[PDB]
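A single chain, nothing else alongside it, follows as structure tokens in the form deposited in one PDB entry.
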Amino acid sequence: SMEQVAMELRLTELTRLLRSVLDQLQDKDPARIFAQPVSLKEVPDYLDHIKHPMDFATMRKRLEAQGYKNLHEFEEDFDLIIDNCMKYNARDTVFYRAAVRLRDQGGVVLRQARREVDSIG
């Protein structure tokens, strides 16, 4: 149908906008602490602690499959990155501190993304 196409064009454009958001959030992680999945070879007990691991490469895979239907779903995954880290790692670690800085800096980007998503529809 023509409606299914129009819906698919909306999803494609959302994917465009979320790709730019993702790039901007990932720039706020210059140490690349959140770039890849925590290694189960190197942290073999991780899944005993963290039930839903997340990282920027995994989000990018979902993004490119047009797997985010709305901004809420994308934000859920970004919040998992931060929240998982703040639980597994102690306050006095470079990892925890990196997550706090990513959360704080990302807030700004996500605030305007929400306005754009609502604005453009």
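One rule holds for the numbers: they count along the sequence shown, beginning at 1.
Novice: Which wins on mean Cα temperature factor, 41-49 or 86-94?
Specialist: The entry gives the higher C-alpha B-factor average to 41-49.
Novice: Looking at the entry, does 27-35 or 74-82 show the higher mean C-alpha B-factor?
Specialist: Per the PDB record, 27-35.
Novice: Among the modelled residues of this chain, does the Cα B factor of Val21 put it in the lowest, middle or highest third?
Specialist: Within its chain, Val21 is a middle-third residue by C-alpha B-factor, going by the deposited values.
Novice: Which third of the chain does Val109 land in by C-alpha B-factor: lowest, middle or highest?
Specialist: Its C-alpha B-factor, which the entry lists for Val109, ranks in the highest third among residues of this chain.
Novice: Where does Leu11 sit by CA temperature factor within its chain: lowest, middle or highest third?
Specialist: Highest third of the chain for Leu11's C-alpha B-factor.
If you look for the form solved in complex with a small molecule, you will not find it shown, but the lines that follow are about it.
Novice: Please check if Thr58 has a heavy atom lying within 4.5 Å of any heavy atom of the small molecule in the entry with it bound.
Specialist: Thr58 lies outside the contact set for the small molecule.
Novice: Using 4.5 Å between non-hydrogen atoms, is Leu47 touching the small molecule in the entry with it bound?
Specialist: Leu47: no contact with the small molecule in the entry with it bound.
Novice: Would you check, heavy atoms only and a 4.5 Å threshold, whether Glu42 touches the small molecule in the entry with it bound?
Specialist: So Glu42 counts as contacting the small molecule.
Novice: Is there a heavy atom of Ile33 no more than 4.5 Å from a heavy atom of the small molecule in the entry with it bound?
Specialist: Yes - in the entry with it bound, heavy atoms of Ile33 and the small molecule come within 4.5 Å of each other.
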